[PDB]
Amino acid sequence: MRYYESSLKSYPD
Amino acid sequence: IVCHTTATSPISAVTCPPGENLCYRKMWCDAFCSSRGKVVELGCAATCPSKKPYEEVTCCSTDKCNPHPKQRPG
């Protein structure tokens with residue numbers, strides 16, 4: 001769940 | 001100008017208080033530093049706050065220039 005460097009939509013896991 | 005906040009709220013460009021003359025882009029590694037790379041915590045700052053070891057920060061003075069690159073499926 002982050003705006004990491006590989007996606008933007010809050011991801012669960 | 002305005003900057004996005006990945007470290008505070010979810011991600012939205014809101015104008016910041018007096019002090020940060022521009023926006024910025026930090027990078028490092030979350031709680032466990034996984035194989036997904038670091039994170040992308042942009043926001044506001046007086047000037048490119050980059051430091052010494054792995055604190056990789058950047059800047060952004062254009063309108064909404066803090067949108068890191070991630071919205072895209074492999």
# chains A, B, ... in the order shown; residues from 1 in each chain; ligands from 1

$ residues_around --residues "range 17-24 of chain B" --least-positions-apart "3" --cutoff "8 Å" --atoms "only C-alpha atoms" --output "list in words"
residues 1, 2, 3, 4, 42, 43, 44, 45, 46, 47, 48, 49, 57, 58, 59, 60, 61, 65 and 66 of chain B

$ write_last_selection --atoms "N, CA, C and O atoms" --output "PDB file, in the first residue's frame"
ATOM      1  N   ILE B   1       4.340  27.848  -5.553  1.00  0.00           N
ATOM      2  CA  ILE B   1       3.700  26.776  -6.367  1.00  0.00           C
ATOM      3  C   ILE B   1       3.071  25.720  -5.454  1.00  0.00           C
ATOM      4  O   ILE B   1       2.805  25.967  -4.294  1.00  0.00           O
ATOM      5  N   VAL B   2       2.833  24.546  -5.968  1.00  0.00           N
ATOM      6  CA  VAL B   2       2.222  23.470  -5.133  1.00  0.00           C
ATOM      7  C   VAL B   2       3.031  22.184  -5.269  1.00  0.00           C
ATOM      8  O   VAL B   2       3.737  21.983  -6.238  1.00  0.00           O
ATOM      9  N   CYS B   3       2.937  21.311  -4.310  1.00  0.00           N
ATOM     10  CA  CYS B   3       3.707  20.040  -4.393  1.00  0.00           C
ATOM     11  C   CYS B   3       2.824  18.869  -3.969  1.00  0.00           C
ATOM     12  O   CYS B   3       1.870  19.043  -3.239  1.00  0.00           O
ATOM     13  N   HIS B   4       3.147  17.675  -4.391  1.00  0.00           N
ATOM     14  CA  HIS B   4       2.315  16.501  -3.984  1.00  0.00           C
ATOM     15  C   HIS B   4       2.888  15.876  -2.728  1.00  0.00           C
ATOM     16  O   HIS B   4       4.077  15.932  -2.491  1.00  0.00           O
ATOM     17  N   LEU B  42       7.750  12.542  -2.547  1.00  0.00           N
ATOM     18  CA  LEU B  42       7.969  13.965  -2.942  1.00  0.00           C
ATOM     19  C   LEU B  42       7.216  14.886  -1.979  1.00  0.00           C
ATOM     20  O   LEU B  42       6.546  14.434  -1.071  1.00  0.00           O
ATOM     21  N   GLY B  43       7.308  16.175  -2.176  1.00  0.00           N
ATOM     22  CA  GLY B  43       6.570  17.116  -1.261  1.00  0.00           C
ATOM     23  C   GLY B  43       7.126  18.543  -1.379  1.00  0.00           C
ATOM     24  O   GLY B  43       7.361  19.035  -2.460  1.00  0.00           O
ATOM     25  N   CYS B  44       7.321  19.224  -0.275  1.00  0.00           N
ATOM     26  CA  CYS B  44       7.853  20.614  -0.341  1.00  0.00           C
ATOM     27  C   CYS B  44       9.197  20.712   0.383  1.00  0.00           C
ATOM     28  O   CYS B  44       9.537  19.884   1.205  1.00  0.00           O
ATOM     29  N   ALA B  45       9.956  21.731   0.091  1.00  0.00           N
ATOM     30  CA  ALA B  45      11.268  21.905   0.766  1.00  0.00           C
ATOM     31  C   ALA B  45      11.870  23.268   0.422  1.00  0.00           C
ATOM     32  O   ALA B  45      11.573  23.847  -0.607  1.00  0.00           O
ATOM     33  N   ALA B  46      12.718  23.783   1.269  1.00  0.00           N
ATOM     34  CA  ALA B  46      13.344  25.105   0.986  1.00  0.00           C
ATOM     35  C   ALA B  46      14.172  25.013  -0.298  1.00  0.00           C
ATOM     36  O   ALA B  46      14.102  25.866  -1.162  1.00  0.00           O
ATOM     37  N   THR B  47      14.945  23.970  -0.423  1.00  0.00           N
ATOM     38  CA  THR B  47      15.786  23.773  -1.638  1.00  0.00           C
ATOM     39  C   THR B  47      16.146  22.291  -1.738  1.00  0.00           C
ATOM     40  O   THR B  47      15.970  21.557  -0.787  1.00  0.00           O
ATOM     41  N   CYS B  48      16.642  21.842  -2.866  1.00  0.00           N
ATOM     42  CA  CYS B  48      17.010  20.397  -2.997  1.00  0.00           C
ATOM     43  C   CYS B  48      17.736  19.939  -1.722  1.00  0.00           C
ATOM     44  O   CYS B  48      18.895  20.240  -1.519  1.00  0.00           O
ATOM     45  N   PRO B  49      16.990  19.270  -0.880  1.00  0.00           N
ATOM     46  CA  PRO B  49      17.515  18.809   0.436  1.00  0.00           C
ATOM     47  C   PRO B  49      18.420  17.574   0.346  1.00  0.00           C
ATOM     48  O   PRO B  49      18.767  16.996   1.357  1.00  0.00           O
ATOM     49  N   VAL B  57      17.302  12.815  -2.675  1.00  0.00           N
ATOM     50  CA  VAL B  57      16.164  13.747  -2.866  1.00  0.00           C
ATOM     51  C   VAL B  57      16.334  14.542  -4.158  1.00  0.00           C
ATOM     52  O   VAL B  57      17.400  14.593  -4.739  1.00  0.00           O
ATOM     53  N   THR B  58      15.286  15.169  -4.602  1.00  0.00           N
ATOM     54  CA  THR B  58      15.365  15.974  -5.848  1.00  0.00           C
ATOM     55  C   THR B  58      14.529  17.239  -5.679  1.00  0.00           C
ATOM     56  O   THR B  58      14.140  17.591  -4.583  1.00  0.00           O
ATOM     57  N   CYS B  59      14.234  17.921  -6.746  1.00  0.00           N
ATOM     58  CA  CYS B  59      13.408  19.149  -6.615  1.00  0.00           C
ATOM     59  C   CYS B  59      12.329  19.192  -7.681  1.00  0.00           C
ATOM     60  O   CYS B  59      12.249  18.348  -8.551  1.00  0.00           O
ATOM     61  N   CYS B  60      11.524  20.206  -7.632  1.00  0.00           N
ATOM     62  CA  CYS B  60      10.463  20.366  -8.654  1.00  0.00           C
ATOM     63  C   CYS B  60       9.824  21.750  -8.493  1.00  0.00           C
ATOM     64  O   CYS B  60       9.164  22.031  -7.517  1.00  0.00           O
ATOM     65  N   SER B  61      10.029  22.620  -9.448  1.00  0.00           N
ATOM     66  CA  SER B  61       9.454  23.992  -9.343  1.00  0.00           C
ATOM     67  C   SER B  61       8.315  24.218 -10.353  1.00  0.00           C
ATOM     68  O   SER B  61       7.587  25.186 -10.253  1.00  0.00           O
ATOM     69  N   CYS B  65       5.024  19.323 -10.720  1.00  0.00           N
ATOM     70  CA  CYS B  65       6.230  18.624 -11.276  1.00  0.00           C
ATOM     71  C   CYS B  65       6.692  17.512 -10.324  1.00  0.00           C
ATOM     72  O   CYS B  65       7.749  16.937 -10.494  1.00  0.00           O
ATOM     73  N   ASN B  66       5.895  17.189  -9.333  1.00  0.00           N
ATOM     74  CA  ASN B  66       6.277  16.099  -8.387  1.00  0.00           C
ATOM     75  C   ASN B  66       5.580  14.735  -8.688  1.00  0.00           C
ATOM     76  O   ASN B  66       5.515  13.910  -7.798  1.00  0.00           O
TER      77      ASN B  66
END

$ interface_residues --of "chain B" --to "chain A" --cutoff "10 Å" --atoms "only C-alpha atoms" --output "MDAnalysis selection string"
chainID B and resid 6:7 10:11 27 29:30 36:41 67:74

$ atom_distance --atom1 "CA of residue 56 in chain B" --atom2 "CA of residue 25 in chain B"
8.1 Å

$ atom_distance --atom1 "CA of residue 16 in chain B" --atom2 "CA of residue 50 in chain B"
19.0 Å

$ select_by_dssp --residues "chain B" --states "strand (DSSP E)" --output "list in words"
residues 2, 3, 4, 13, 14, 15, 22, 23, 24, 25, 26, 41, 42, 43, 44, 45, 58, 59 and 60 of chain B

$ decode --residues "range 2-13 of chain A" --atoms "N, CA, C and O atoms" --output "compact mmCIF listing (two decimals), in the first residue's frame"
# COMPACT_ATOMS: atom_id res chain seq x y z
N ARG A 2 1.42 1.61 -1.13
CA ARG A 2 2.29 2.81 -1.18
C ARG A 2 2.31 3.43 -2.57
O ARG A 2 1.79 2.89 -3.52
N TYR A 3 2.98 4.53 -2.69
CA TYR A 3 3.15 5.19 -4.02
C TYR A 3 4.57 4.86 -4.38
O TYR A 3 5.40 5.73 -4.61
N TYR A 4 4.89 3.60 -4.35
CA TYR A 4 6.28 3.18 -4.59
C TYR A 4 6.70 3.51 -6.01
O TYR A 4 6.00 4.14 -6.77
N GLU A 5 7.86 3.08 -6.32
CA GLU A 5 8.43 3.34 -7.68
C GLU A 5 8.00 2.27 -8.69
O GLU A 5 8.74 1.95 -9.61
N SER A 6 6.83 1.72 -8.55
CA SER A 6 6.39 0.67 -9.53
C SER A 6 4.86 0.61 -9.64
O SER A 6 4.31 -0.32 -10.18
N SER A 7 4.18 1.61 -9.13
CA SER A 7 2.69 1.65 -9.18
C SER A 7 2.24 2.88 -8.38
O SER A 7 3.05 3.54 -7.76
N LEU A 8 0.98 3.21 -8.38
CA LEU A 8 0.55 4.42 -7.62
C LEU A 8 -0.75 4.16 -6.85
O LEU A 8 -0.97 4.72 -5.79
N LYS A 9 -1.61 3.33 -7.36
CA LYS A 9 -2.88 3.05 -6.65
C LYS A 9 -2.60 2.23 -5.39
O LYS A 9 -2.10 1.14 -5.48
N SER A 10 -2.91 2.77 -4.22
CA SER A 10 -2.65 2.03 -2.93
C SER A 10 -2.87 0.52 -3.11
O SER A 10 -3.97 0.05 -3.29
N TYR A 11 -1.81 -0.24 -3.06
CA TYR A 11 -1.93 -1.73 -3.24
C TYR A 11 -1.95 -2.42 -1.87
O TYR A 11 -1.24 -2.04 -0.97
N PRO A 12 -2.77 -3.43 -1.76
CA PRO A 12 -2.89 -4.18 -0.49
C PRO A 12 -1.64 -5.05 -0.27
O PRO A 12 -0.97 -4.94 0.73
N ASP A 13 -1.33 -5.90 -1.21
CA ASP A 13 -0.13 -6.77 -1.05
C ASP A 13 -0.01 -7.73 -2.24
O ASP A 13 -0.66 -7.48 -3.24
